[PDB]
Structure formats: structure tokens, C-alpha cells
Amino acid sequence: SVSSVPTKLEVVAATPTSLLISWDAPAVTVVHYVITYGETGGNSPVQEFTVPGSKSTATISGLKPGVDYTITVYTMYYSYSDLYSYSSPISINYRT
């Protein structure tokens, strides 16, 4: 019944080539968050990286100016029933 998906994913700060994102942790033991990002225009590779379970913010760098990016965050979390599994993602669009 308890959701393992993060909430309130948003860009807290931005430059033309980078985004500082943050999110609220779900009420489960998160081992790590997986951040993904790629250009919304679906003709460019999606990249992913992890952040530790204690962190609830991340920096994305090396972006192109004036381009729409799709950014998602999901968890690798422990629960009783599923042990280690991956949550569904929370997703936002942001234009540099």
C-alpha cells in the first residue's frame, strides 16, 4: 500500500547547460535513486546515473542550451514482500 515512487520532482535551479533537481523521498528504505535524462525529442540517447539513498537532490550537467529534456527519477528500494525491486518513475519536462 505504501508508494515507493518519489514525489514532487522539480528543477530547483538552472543554468543553460545544467539543472539542479530535487524530490521528496518515498516512505520506504531507498538504497539508491536512479536519475535518467534525455532530449524529449526522441532522437537522442537517454543517460542514467545513481545517487545514494540519503541524498534527495542531483545535478545534471553537459546539457545543450534551449533544448527540452525529459528527466525521470526512480528508486531501487527494500520492502518486505518484494525485497530489492525498482519503483515506477516520476517524470518532468524542462527546457534549458
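For every residue, the number given is its place in the sequence shown, counted from 1. Whichever C-alpha set is largest while still superposing within 1.5 Å between the two forms counts as the rigid core.
K.L.:
Taking RMS over all structures and residues, which stretch has CA atoms farther from the shown form in 5 other deposited structures of this protein, 28-36 or 41-49, after a rigid core fit?
P.N.:
Greater root mean square C-alpha distance in 5 other deposited structures of this protein: 41-49.
K.L.:
Is the mean CA B factor in the deposited entry higher across 38-46 or across 25-33?
P.N.:
Between 25-33 and 38-46, it is 38-46 that shows the higher mean C-alpha B-factor.
K.L.:
Could you tell me which third, lowest, middle or highest, the C-alpha B-factor of residue 83 occupies within its chain?
P.N.:
Within its chain, residue 83 is a highest-third residue by C-alpha B-factor, going by the deposited values.
K.L.:
Please say which third, lowest, middle or highest, residue 2 falls into when its CA temperature factor is compared across its chain.
P.N.:
CA B-factor rank for residue 2: highest third.
K.L.:
What third of the chain, by the recorded C-alpha B-factor, contains residue 63?
P.N.:
Bottom third by C-alpha B-factor.
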